[PDB]
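Engineer: Supplied in structure tokens, the structure appears directly below.
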Amino acid sequence: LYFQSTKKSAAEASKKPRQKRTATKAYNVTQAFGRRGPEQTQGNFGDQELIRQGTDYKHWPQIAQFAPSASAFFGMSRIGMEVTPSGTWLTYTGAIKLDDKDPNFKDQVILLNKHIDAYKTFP
Amino acid sequence: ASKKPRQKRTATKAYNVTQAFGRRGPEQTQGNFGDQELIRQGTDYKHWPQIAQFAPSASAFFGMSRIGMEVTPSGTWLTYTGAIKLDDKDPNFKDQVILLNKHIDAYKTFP
């Protein structure tokens with residue numbers, strides 16, 4: 001059920017297009033999506049545990065409930081296309097509303113805030 | 001179909017893009033993507049798979065994006081922004097550019 005990263009398995013995982021990668025303990029968030037940080041187009045989400053575990057994180061389902069389906073991604077978002085010296089890029093922005101009538105709402109807010117910009121508190 | 005929270009809905013002919021995700025338009029909380037055909041068909045659209053190849057996995061959505069939380073008078077919102085690179089070595093790259101051009105801000109020309 002759980003694997004360790006090897007250069008071998010990392011080289012296979014990395015063949016997927018970025019947007020279709022799945023981070024796991026064997027191919028962690030940093031490996032799949034780059035170091036967390038403040039820059040534009042750099043990811044900022046994940047504390048040390050989530051970074052190391054990806055979708056093996058024990059509370060992953062409570063984060064994943066907020067990730068959009070392909071239909072909703074293209075349906076909800078503002079989509080743009082930019083051509084630059086690095087290539088052609090599909091840009092996306094949007095927002096997903098949390099349901100504040102869910103009795104779990106306060107816990108959802110706390111879990112999301114725990115990972116947003118967590119990288120600032122560790123190397 | 002509409003029982004699902006917004007972000008988990010799947011548009012089809014039976015429950016189309018406007019029904020699931022609202023009218024296309026310019027404001028920040030609206031979507032801007034899809035011509036009249038995609039809007040009416042959703043994931044039944046004939047070229048849906050060629051669009052869907054750019055949508056992120058759940059892991060990639062939380063891994064690539066800049067994620068925020070904003071409390072506004074309407075509610076608490078999980079904000080997201082990012083960019084996905086097209087593979088310009090893919091022999092289908094030209095067609096992908098054409099396909100995306102057809103749907104981005106297509107609403108601007110609707111009667």
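Ordering of the structure tokens sets the chain letters (A, B, ...), residue numbers begin anew at 1 in every chain, and ligands are numbered from 1 in the order given.
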DSSP says helix (DSSP H, G or I) for which residues of chain A? Put them as a ChimeraX atom specification?

Structural biologist: /A:7-13,18-20,29-33,48-56,60-64,70-76,105-115,118-121

Engineer: Using only C-alpha atoms, what does the table of region 24-54 of chain A residues within 12 Å of region 78-86 of chain B look like, with each row giving the shortest atom pair and its distance in Å to one decimal, sorted by chain and ascending number, as a Markdown table?

Structural biologist:
| residue | atom | partner | partner_atom | distance |
| --- | --- | --- | --- | --- |
| A:33 | CA | B:84 | CA | 11.3 |
| A:39 | CA | B:82 | CA | 10.8 |
| A:40 | CA | B:82 | CA | 7.9 |
| A:41 | CA | B:82 | CA | 5.2 |
| A:42 | CA | B:82 | CA | 7.8 |
| A:43 | CA | B:82 | CA | 8.1 |
| A:44 | CA | B:80 | CA | 10.4 |
| A:45 | CA | B:80 | CA | 10.5 |

Engineer: For chain A against chain B, with a cut-off of 6 Å and counting only C-alpha atoms, what is the closest atom pair and its distance in Å to one decimal for every residue that makes the cut, ordered by chain and number, as a Markdown table?

Structural biologist:
| residue | atom | partner | partner_atom | distance |
| --- | --- | --- | --- | --- |
| A:19 | CA | B:56 | CA | 4.5 |
| A:20 | CA | B:57 | CA | 5.1 |
| A:22 | CA | B:59 | CA | 5.3 |
| A:33 | CA | B:63 | CA | 5.6 |
| A:41 | CA | B:82 | CA | 5.2 |
| A:43 | CA | B:64 | CA | 4.6 |
| A:44 | CA | B:66 | CA | 5.4 |
| A:64 | CA | B:58 | CA | 6.0 |
| A:67 | CA | B:58 | CA | 5.2 |
| A:68 | CA | B:7 | CA | 4.6 |
| A:69 | CA | B:8 | CA | 5.3 |
| A:70 | CA | B:55 | CA | 5.2 |
| A:71 | CA | B:10 | CA | 5.3 |
| A:72 | CA | B:7 | CA | 5.3 |
| A:75 | CA | B:21 | CA | 5.7 |
| A:76 | CA | B:31 | CA | 4.7 |
| A:77 | CA | B:31 | CA | 4.9 |
| A:78 | CA | B:31 | CA | 5.2 |
| A:88 | CA | B:86 | CA | 5.6 |
| A:89 | CA | B:85 | CA | 4.4 |
| A:90 | CA | B:84 | CA | 5.1 |
| A:91 | CA | B:83 | CA | 4.3 |
| A:92 | CA | B:82 | CA | 5.5 |
| A:93 | CA | B:81 | CA | 4.3 |
| A:94 | CA | B:80 | CA | 5.5 |
| A:95 | CA | B:79 | CA | 4.2 |
| A:96 | CA | B:78 | CA | 5.0 |
| A:97 | CA | B:77 | CA | 4.4 |
| A:98 | CA | B:76 | CA | 5.6 |

Engineer: Mind listing the strand (DSSP E) residues of chain B, per DSSP on the backbone, as a list in words?

Structural biologist: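 Reading the DSSP output for chain B, strand (DSSP E) covers residues 66, 67, 68, 69, 70, 71, 72, 75, 76, 77, 78, 79, 80, 81, 82, 83, 84 and 85 of chain B.
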
Engineer: Write the selection just made, keeping N, CA, C and O atoms, as a PDB file, in the first residue's frame?

Structural biologist:
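selection-v1.pdb written:
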ATOM      1  N   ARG B  66      -1.771  28.403  -6.546  1.00  0.00           N
ATOM      2  CA  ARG B  66      -1.715  29.240  -5.367  1.00  0.00           C
ATOM      3  C   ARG B  66      -3.067  29.246  -4.757  1.00  0.00           C
ATOM      4  O   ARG B  66      -4.016  29.528  -5.416  1.00  0.00           O
ATOM      5  N   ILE B  67      -3.142  28.822  -3.526  1.00  0.00           N
ATOM      6  CA  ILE B  67      -4.385  28.584  -2.839  1.00  0.00           C
ATOM      7  C   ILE B  67      -4.502  29.643  -1.717  1.00  0.00           C
ATOM      8  O   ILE B  67      -3.512  29.934  -1.010  1.00  0.00           O
ATOM      9  N   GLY B  68      -5.697  30.179  -1.543  1.00  0.00           N
ATOM     10  CA  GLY B  68      -5.995  31.196  -0.510  1.00  0.00           C
ATOM     11  C   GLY B  68      -7.346  30.890   0.132  1.00  0.00           C
ATOM     12  O   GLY B  68      -8.160  30.064  -0.411  1.00  0.00           O
ATOM     13  N   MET B  69      -7.620  31.563   1.238  1.00  0.00           N
ATOM     14  CA  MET B  69      -8.942  31.505   1.883  1.00  0.00           C
ATOM     15  C   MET B  69      -9.355  32.960   2.073  1.00  0.00           C
ATOM     16  O   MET B  69      -8.550  33.810   2.601  1.00  0.00           O
ATOM     17  N   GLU B  70     -10.561  33.275   1.622  1.00  0.00           N
ATOM     18  CA  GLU B  70     -11.091  34.651   1.762  1.00  0.00           C
ATOM     19  C   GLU B  70     -12.470  34.624   2.362  1.00  0.00           C
ATOM     20  O   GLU B  70     -13.322  33.934   1.812  1.00  0.00           O
ATOM     21  N   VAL B  71     -12.695  35.437   3.383  1.00  0.00           N
ATOM     22  CA  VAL B  71     -14.031  35.547   4.022  1.00  0.00           C
ATOM     23  C   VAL B  71     -14.648  36.822   3.476  1.00  0.00           C
ATOM     24  O   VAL B  71     -14.038  37.852   3.591  1.00  0.00           O
ATOM     25  N   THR B  72     -15.754  36.716   2.742  1.00  0.00           N
ATOM     26  CA  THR B  72     -16.463  37.885   2.161  1.00  0.00           C
ATOM     27  C   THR B  72     -17.912  37.823   2.671  1.00  0.00           C
ATOM     28  O   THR B  72     -18.308  36.847   3.262  1.00  0.00           O
ATOM     29  N   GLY B  75     -19.701  34.523   1.975  1.00  0.00           N
ATOM     30  CA  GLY B  75     -19.192  33.227   2.499  1.00  0.00           C
ATOM     31  C   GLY B  75     -17.655  33.162   2.580  1.00  0.00           C
ATOM     32  O   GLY B  75     -16.974  34.197   2.548  1.00  0.00           O
ATOM     33  N   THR B  76     -17.185  31.956   2.851  1.00  0.00           N
ATOM     34  CA  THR B  76     -15.778  31.652   2.961  1.00  0.00           C
ATOM     35  C   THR B  76     -15.430  30.892   1.680  1.00  0.00           C
ATOM     36  O   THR B  76     -16.092  29.928   1.271  1.00  0.00           O
ATOM     37  N   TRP B  77     -14.400  31.386   1.007  1.00  0.00           N
ATOM     38  CA  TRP B  77     -14.034  30.956  -0.309  1.00  0.00           C
ATOM     39  C   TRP B  77     -12.591  30.456  -0.334  1.00  0.00           C
ATOM     40  O   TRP B  77     -11.669  31.125   0.177  1.00  0.00           O
ATOM     41  N   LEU B  78     -12.420  29.323  -0.993  1.00  0.00           N
ATOM     42  CA  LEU B  78     -11.100  28.740  -1.344  1.00  0.00           C
ATOM     43  C   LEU B  78     -10.754  29.263  -2.695  1.00  0.00           C
ATOM     44  O   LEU B  78     -11.357  28.936  -3.649  1.00  0.00           O
ATOM     45  N   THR B  79      -9.779  30.155  -2.755  1.00  0.00           N
ATOM     46  CA  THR B  79      -9.345  30.777  -3.998  1.00  0.00           C
ATOM     47  C   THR B  79      -8.177  29.954  -4.610  1.00  0.00           C
ATOM     48  O   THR B  79      -7.394  29.327  -3.872  1.00  0.00           O
ATOM     49  N   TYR B  80      -8.057  29.991  -5.948  1.00  0.00           N
ATOM     50  CA  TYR B  80      -7.021  29.220  -6.654  1.00  0.00           C
ATOM     51  C   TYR B  80      -6.597  29.942  -7.915  1.00  0.00           C
ATOM     52  O   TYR B  80      -7.430  30.533  -8.619  1.00  0.00           O
ATOM     53  N   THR B  81      -5.310  29.899  -8.206  1.00  0.00           N
ATOM     54  CA  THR B  81      -4.788  30.459  -9.425  1.00  0.00           C
ATOM     55  C   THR B  81      -3.580  29.643  -9.826  1.00  0.00           C
ATOM     56  O   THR B  81      -2.893  29.065  -8.969  1.00  0.00           O
ATOM     57  N   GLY B  82      -3.363  29.530 -11.120  1.00  0.00           N
ATOM     58  CA  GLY B  82      -2.146  28.812 -11.610  1.00  0.00           C
ATOM     59  C   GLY B  82      -2.032  28.825 -13.131  1.00  0.00           C
ATOM     60  O   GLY B  82      -2.782  29.566 -13.796  1.00  0.00           O
ATOM     61  N   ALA B  83      -1.118  28.024 -13.684  1.00  0.00           N
ATOM     62  CA  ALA B  83      -0.932  27.997 -15.084  1.00  0.00           C
ATOM     63  C   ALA B  83      -0.406  26.623 -15.415  1.00  0.00           C
ATOM     64  O   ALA B  83       0.425  26.105 -14.675  1.00  0.00           O
ATOM     65  N   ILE B  84      -0.892  26.065 -16.511  1.00  0.00           N
ATOM     66  CA  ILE B  84      -0.534  24.763 -16.943  1.00  0.00           C
ATOM     67  C   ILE B  84       0.128  24.889 -18.310  1.00  0.00           C
ATOM     68  O   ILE B  84      -0.452  25.444 -19.256  1.00  0.00           O
ATOM     69  N   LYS B  85       1.324  24.321 -18.458  1.00  0.00           N
ATOM     70  CA  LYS B  85       2.035  24.462 -19.744  1.00  0.00           C
ATOM     71  C   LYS B  85       1.543  23.469 -20.761  1.00  0.00           C
ATOM     72  O   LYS B  85       1.456  22.287 -20.491  1.00  0.00           O
TER      73      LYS B  85
END

Engineer: Which residues, written as a count of residues only, have at least one atom at most 8 Å from residue 112 (chain A), with only C-alpha atoms counted and residues fewer than 4 positions away on the same chain left out?

Structural biologist: 4

Engineer: Just the number, please: distance in Å from CA of residue 41 (chain B) to CA of residue 95 (chain B), one decimal.

Structural biologist: 20.2 Å

Engineer: Of the residues B:14, B:106, B:98, B:1, which is the one nearest to residue 47 (chain B), using only C-alpha atoms?

Structural biologist: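 Using only C-alpha atoms, residue 47 (chain B) sits closest to B:98.
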
Engineer: List the neighbours of residue 123 (chain A) out to 12 Å using only C-alpha atoms; skip same-chain residues closer than 6 positions along the sequence, and give me the result as a list in words.

Structural biologist: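 Listed by chain and then number, they are residues 35, 36, 37, 47 and 48 of chain A.
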
Engineer: Keeping only N, CA, C and O atoms, write the selected residues as a PDB file, in the first residue's frame.

Structural biologist:
ATOM      1  N   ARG A  35       9.097  22.944  -5.223  1.00  0.00           N
ATOM      2  CA  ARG A  35       9.123  23.449  -3.874  1.00  0.00           C
ATOM      3  C   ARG A  35       8.000  24.459  -3.682  1.00  0.00           C
ATOM      4  O   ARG A  35       7.723  25.201  -4.594  1.00  0.00           O
ATOM      5  N   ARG A  36       7.383  24.479  -2.493  1.00  0.00           N
ATOM      6  CA  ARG A  36       6.398  25.494  -2.146  1.00  0.00           C
ATOM      7  C   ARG A  36       7.096  26.814  -2.034  1.00  0.00           C
ATOM      8  O   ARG A  36       8.234  26.894  -1.540  1.00  0.00           O
ATOM      9  N   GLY A  37       6.388  27.871  -2.360  1.00  0.00           N
ATOM     10  CA  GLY A  37       6.971  29.195  -2.209  1.00  0.00           C
ATOM     11  C   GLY A  37       6.028  30.338  -2.571  1.00  0.00           C
ATOM     12  O   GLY A  37       4.862  30.109  -2.795  1.00  0.00           O
ATOM     13  N   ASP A  47       1.664  21.632   4.410  1.00  0.00           N
ATOM     14  CA  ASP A  47       2.599  21.538   5.509  1.00  0.00           C
ATOM     15  C   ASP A  47       3.589  20.389   5.310  1.00  0.00           C
ATOM     16  O   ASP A  47       3.542  19.652   4.286  1.00  0.00           O
ATOM     17  N   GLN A  48       4.499  20.184   6.284  1.00  0.00           N
ATOM     18  CA  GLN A  48       5.550  19.147   6.015  1.00  0.00           C
ATOM     19  C   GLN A  48       4.980  17.750   5.808  1.00  0.00           C
ATOM     20  O   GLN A  48       5.504  16.976   4.999  1.00  0.00           O
TER      21      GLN A  48
END
